[PDB]
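**Q** Have a look at this one before I ask anything.
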Amino acid sequence: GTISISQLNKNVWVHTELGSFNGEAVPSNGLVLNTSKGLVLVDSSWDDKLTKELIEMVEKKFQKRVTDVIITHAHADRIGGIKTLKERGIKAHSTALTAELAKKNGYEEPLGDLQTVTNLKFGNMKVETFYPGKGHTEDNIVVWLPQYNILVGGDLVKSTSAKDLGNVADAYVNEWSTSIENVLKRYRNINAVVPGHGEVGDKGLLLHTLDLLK
Ligand SMILES: [Zn+2]
Ligand SMILES: [Zn+2]
């Protein structure tokens, strides 16, 4: 199952793609929001091929168009499919910083429309985007669904099983703890936390990430 979707509730699913790296499958997660006005994804996938497959899958499943994607940072698991999005008229939301870094990391440019705290609404689906500070990357954001207390952590947030922070060349490891604390402060009662990779959990993922960073 290279692309899978898993349900959190009626209109919120996790999408998960196995990228192929050195003969290893590597999952990446994002979210699929089924809204009265189309499907909204949080994050694309590793590359255009997978992004196209993801879009195909979700569109067929829900019989709805993907209209918007929120890009959580300017790396491949997240923004790999930006060309696919642009060539489909799928709006690719991001902070200005993510757009700037995208333009630098060799990618087409997302919208740069998100601020530190931004509210979006897609049909009846409310979405908050939050830049908690630097961590995994300078630009990493998280996404929250206030109606459902579901948090999409991206690569800022590690799964329970993770013992390793990943590539930290471009990480702000010291600042990452504070950014996670900012997320823990902001989001008090959380029903689900989606890590960038790995199993969905709850607030314990945030605490576990903090623990890794200690
Ligand atoms: Zn990354
Ligand atoms: Zn990642």
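Residue numbering for chain A follows Swiss-Prot; the residues present correspond to positions 44-257, in that order.
Per the header: X-ray crystallography, 1.7 Å.
From the backbone N, Cα and C atoms, a Cβ is placed for every residue, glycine too.
Pulled the feature table from Swiss-Prot, pasting it below:
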BINDING   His116, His118, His179  Zn(2+) 1 binding site
BINDING   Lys201, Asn210  substrate binding site
**Q** Give me the Cα-Cα distance between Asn210 (substrate binding site) and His116 (Zn(2+) 1 binding site), rounded to a whole Å.
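**A** A Cα-Cα distance of 14 Å.
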**Q** Mind running the binding-site residues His118, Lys201, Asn210 against ligand 1 and keeping the ones whose CB falls under 6 Å of it?
**A** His118
**Q** Taking just the CA atoms, what is the gap between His118 (Zn(2+) 1 binding site) and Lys201 (substrate binding site) in Å?
**A** 16
**Q** Cα-Cα, whole number of Å: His116 (Zn(2+) 1 binding site) versus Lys201 (substrate binding site)?
**A** 15
**Q** Report the residues of the chain - excluding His116, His118, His179 - with C-beta within 8 Å of the mean position of the site's C-beta atoms, for the recorded Zn(2+) 1 site, in sequence order.
**A** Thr115, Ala117, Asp120, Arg121, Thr180, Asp182, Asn183, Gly197, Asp198, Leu199, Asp213, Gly239
**Q** Between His179 (Zn(2+) 1 binding site) and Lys201 (substrate binding site), what is the CA-CA distance rounded to a whole number of Å?
**A** 10
**Q** List every residue in the same chain as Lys201 (substrate binding site), at least 6 positions away in sequence, whose Cβ is under 8 Å from its Cβ.
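**A** Listed in sequence order: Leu208, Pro238, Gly239, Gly241, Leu248, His251, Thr252, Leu255.
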